[PDB]
Amino acid sequence: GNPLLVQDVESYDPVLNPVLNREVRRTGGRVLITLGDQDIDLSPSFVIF
Amino acid sequence: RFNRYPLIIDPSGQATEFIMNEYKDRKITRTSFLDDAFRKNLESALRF
């Protein structure tokens with residue numbers, strides 16, 4: 001749940017696509033976003049720049 | 001107050017009803033050992 005600031009967008013990493021698209025699963029009370037193969041619980045207090 | 005995970009023996013089903021009504025604030029998936037959708041449920045519960 002930390003703010004993230006990543007510079008040098010020109011070498012963009014397309015692993016950030018579900019994060020930017022908010023492709024989120026809400027199974028149960030948890031909040032899930034799947035990047036790559038790992039499934040990561042998504043905290044509400046996350047921002048990226 | 002268990003340390004090792006319990007094994008409830010209940011022919012009547014009253015213990016099952018009690019534990020479902022008791023741990024209802026959290027999320028319970030009542031699985032079974034012969035259910036095909038058991039390993040996935042166990043892994044989800046273990047992670048969550």
# chains A, B, ... in the order shown; residues from 1 in each chain; ligands from 1
$ interface_residues --of "chain A" --to "chain B" --cutoff "8 Å" --atoms "only C-alpha atoms" --output "number ranges by chain"
A: 28-30
$ residues_around --residues "residue A:36" --least-positions-apart "4" --cutoff "10 Å" --atoms "only C-alpha atoms" --output "list in words"
residues 15, 16 and 18 of chain A
$ write_last_selection --atoms "C-alpha atoms" --output "short mmCIF file (atom, residue, chain, number, x, y, z; two decimals), in the first residue's frame"
data_model
loop_
_atom_site.label_atom_id
_atom_site.label_comp_id
_atom_site.auth_asym_id
_atom_site.auth_seq_id
_atom_site.Cartn_x
_atom_site.Cartn_y
_atom_site.Cartn_z
CA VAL A 15 3.49 -5.97 -16.93
CA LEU A 16 1.74 -2.82 -15.65
CA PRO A 18 -3.67 -5.01 -15.59
#
$ select_by_dssp --residues "chain B" --states "alpha helix (DSSP H)" --output "list in words"
residues 14, 15, 16, 17, 18, 19, 20, 21, 22, 39, 40, 41, 42, 43, 44, 45, 46 and 47 of chain B
$ residues_around --residues "residue B:41" --least-positions-apart "4" --cutoff "8 Å" --atoms "only C-alpha atoms" --output "list in words"
residues 29, 31, 37 and 45 of chain B
$ residues_around --residues "residue A:6" --least-positions-apart "3" --cutoff "8 Å" --atoms "only C-alpha atoms" --output "list in words"
residues 9, 48 and 49 of chain A
$ atom_distance --atom1 "atom CA of residue A:31" --atom2 "atom CA of residue B:20"
23.6 Å
$ closest_residue --among "B:16, B:11, B:5, B:46" --to "residue B:30" --atoms "only C-alpha atoms"
B:16
$ atom_distance --atom1 "atom CA of residue A:46" --atom2 "atom CA of residue A:14"
18.4 Å
$ atom_distance --atom1 "atom CA of residue A:35" --atom2 "atom CA of residue A:19"
7.9 Å
$ closest_residue --among "A:45, A:7, A:33, A:39" --to "residue A:20" --atoms "only C-alpha atoms"
A:33
